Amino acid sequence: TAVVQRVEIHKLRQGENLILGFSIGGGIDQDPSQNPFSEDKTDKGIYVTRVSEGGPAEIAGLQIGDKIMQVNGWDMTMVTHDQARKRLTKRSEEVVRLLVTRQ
């Protein structure tokens, strides 16, 4: 089954950007049957597809395959891919808390 995890990522400055050190796939505008990480291939949610060795997300405990449920209290289960990306990369936010589930 899935276990709930709560991680707290402190973004890393890389030049002008604040970065999280991971990648995402999914979103309501994408084909969920293409998601290799989900248990249920109708799941249109946002999944962690890669984590950078030594980066903020790794340090915080994020793992490849995690499903992102919320970012700073903001629901991520019914958003487009771009909407998810934007929520994760707000320039004004250095700290982001992710609610995730992990198989």
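Quick note: we count residues from 1 along the sequence shown, nothing fancier.
- Set 55-63 against 25-33 and average the Cα temperature factors; 25-33 ends up higher.
- Split the chain's modelled residues into thirds by C-alpha temperature factor. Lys44 is in the middle one.
- Ranked against the other modelled residues of its chain, the C-alpha B-factor of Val3 as given in the entry falls in the middle third.
- Among all modelled residues in this chain, the alpha-carbon of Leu18 has a temperature factor (C-alpha) in the highest third.
- Placement of the Cα temperature factor of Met78 within the chain: highest third of the modelled residues, per the deposited record.
- In the PDB entry, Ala84 places in the middle third of its chain by CA B-factor.
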